[PDB]
Amino acid sequence: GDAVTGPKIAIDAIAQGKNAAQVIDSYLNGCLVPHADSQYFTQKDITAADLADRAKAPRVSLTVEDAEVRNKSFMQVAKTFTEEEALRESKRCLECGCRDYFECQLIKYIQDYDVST
Amino acid sequence: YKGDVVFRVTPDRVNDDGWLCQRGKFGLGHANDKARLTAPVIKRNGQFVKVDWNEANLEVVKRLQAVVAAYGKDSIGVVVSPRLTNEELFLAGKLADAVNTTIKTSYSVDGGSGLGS
Ligand SMILES: Cc1cc2nc3c(=O)[nH]c(=O)nc-3n(C[C@H](O)[C@H](O)[C@H](O)COP(=O)(O)OP(=O)(O)OC[C@H]3O[C@@H](n4cnc5c(N)ncnc54)[C@H](O)[C@@H]3O)c2cc1C
Ligand code: SF4
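Residues numbered from 1 in each chain as written, not as in the entry; some residues may be left out. Chains lettered and ligands numbered in written order. Part of a larger assembly, values for the part shown. Heavy atoms only, no water.

The deposited coordinates, according to the entry record, derive from cryo-EM at 3.0 Å resolution.

Draft legend 1. Highlighting the overall build of chain B. A tally of helices and strands in chain B yields three helices and four strands. Its helices and strands in sequence order give chain B the pattern α-β-β-α-β-α-β, from N to C terminus. A compact globule built from 117 residues should have a C-alpha radius of gyration of about 13 Å, whereas chain B, at 20 Å, is more than 25% larger. The dimensions of chain B, computed from C-alpha atoms along their principal axes, are 55 × 45 × 20 Å. Residue burial in chain B is summarised as follows: out of 117 residues, 13% are buried. The contacts of chain B with a sequence gap of at least 6 include a subset with a gap of at least 24, amounting to 37%. Put simply, chain B shows about 10,300 Å² of open surface, and 54% of that area lies on carbon and sulfur atoms. Charge-centre separation for chain B: the mean point of 16 positive side chains lies 5 Å from the mean point of 13 negative side chains. (Helix = DSSP H or I, 4+ residues; strand = E, 2+ residues; numbered from the N terminus. Rg over C-alpha atoms; globule rule 2.2 N^0.38 Å. Buried < 20%, exposed > 50% of the residue type's maximum accessible area, 1.4 Å probe, protein only. Contact = heavy atoms within 4.5 Å. Areas by Shrake-Rupley, 256 points an atom, 1.4 Å probe, with all protein chains shown as cover. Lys, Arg positive; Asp, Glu negative; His and termini not counted. Charge placed at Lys NZ, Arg CZ, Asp CG, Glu CD.)

Draft legend 2. Looking closely at the overall build of chain A. Secondary structure summary: chain A contains five helices and zero strands in total. Helices and strands in chain A line up, N terminus first, as α-α-α-α-α. Taking 13 Å as the expected radius of gyration for a compact globule of 117 residues, we find that chain A reaches 22 Å, considerably beyond that expectation. Its C-alpha atoms give chain A principal-axis dimensions of roughly 60 × 45 × 25 Å. Looking at the 117 residues of chain A, the share that counts as buried comes to 7%. Here the analysis covers contacts within chain A between residues at least 6 apart in sequence; of these, 42% occur between residues at least 24 apart. Here chain A has roughly 10,800 Å² of accessible surface; of this, 56% comes from carbon and sulfur atoms. Between the mean site of the 14 positive side-chain charges and the mean site of the 19 negative ones, chain A shows a separation of 4 Å.

Draft legend 3. Geometry of the interface of chain B and chain A. With six residues of chain B at the contact, the number on the chain A side is six residues. Between chain B and chain A, roughly 460 Å² of surface is buried when both sides are summed, and carbon and sulfur atoms account for 61% of that area. Contact with chain A buries surface across chain B, with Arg44, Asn45 and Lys62 of chain B losing the most and accounting together for 66% of the total. At the junction of chain B with chain A, the criterion picks out zero residue pairs in polar contact. Tallying contributions element by element places helix 2 (residues 53-71) of chain B first for the side of chain B that touches chain A, with four residues. Considering only residue class, the side of chain B that touches chain A consists of one nonpolar, one polar and four charged. (Buried area = accessible area lost by both parts, 1.4 Å probe. Polar contact = N/O pair within 3.5 Å; in protein donor to acceptor, adjacent residues only side chain to side chain. Nonpolar A, V, L, I, M, F, W, Y, C, P; charged D, E, K, R; others polar.)

Draft legend 4. Structural context of the site of ligand 1. Residues and elements named next belong to chain A. Every residue lining ligand 1 is accounted for by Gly1, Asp2, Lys8, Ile9, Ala10 and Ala13. Here an oxygen atom of ligand 1 and a backbone polar atom of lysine 8 are 3.0 Å apart. For ligand 1, whose accessible area on its own is 1,000 Å², the fraction buried by protein is 18%. Residues belonging to the shell around ligand 1 are distributed by class as follows: three nonpolar, one polar and two charged. (Near = heavy atom within 4 Å.)

As structure tokens, then:
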């Protein structure tokens, strides 16, 4: 957590806590193994012209309270999404990742034999 | 009573003398009033809007804290009614102590009868 990495954002602390939980659990079985990152195939040639056939849909903006009543109250400045807003925003994803990831056998052996991608 | 409606009030002839007056005989009709408030209301933009109990609690605590922070000690007066029970009055005194004020008073008591001096 922040005791090791210094001040950061909260998901960094959560990630460090989960990784340390895994390491401690391995240690409690009698064999300490350190945490290591995985190797994936990544694409860096994607540009705006390659996505020029995608239709454009505006983002679901956040409902923010007026600044006249915000300066005096400790009430919430923003509201959570409704179900219609959530569906409208989630239906806009481009599905960038491989659908075959959880059953692909190439990446299994690539990560098993530690081949650089 | 019958359910949630107060129907009449009678004297207690076993534990006391069993006499009453007009305010004790007929004065409990305000329990059946339809003009009684039901939920806390907060004034925003000059309109009272209903809130939850948690939001009301947070609002009153934070606003008293704001007054204390801006203006210091003894900037809050607690004016009670002598119709409340002893436990209510004790908790009101504790609340006056917690927000750092010594001005606890009542318009009906108005300083006592002077027999204490
Ligand atoms: C003002 C502020 C605003 C922030 N805003 C954001 C934000 O908007 N978004 C975001 O992502 N991150 C934000 N952060 C960062 C985030 O809060 C922290 O990075 C994250 O919570 C780290 O948590 P932690 O577990 O490492 O330690 P902490 O959550 O900081 O502390 C863990 C606990 O350890 C306890 N503790 C300390 N010493 C001892 C001891 N000797 N014995 C026992 N218990 C002890 C403390 O009581 C504390 O409850 C903010 C941080 C601050 C300070
Ligand atoms: S898959 Fe991820 S990066 Fe790609 S459009 Fe959806 S949310 Fe964005």
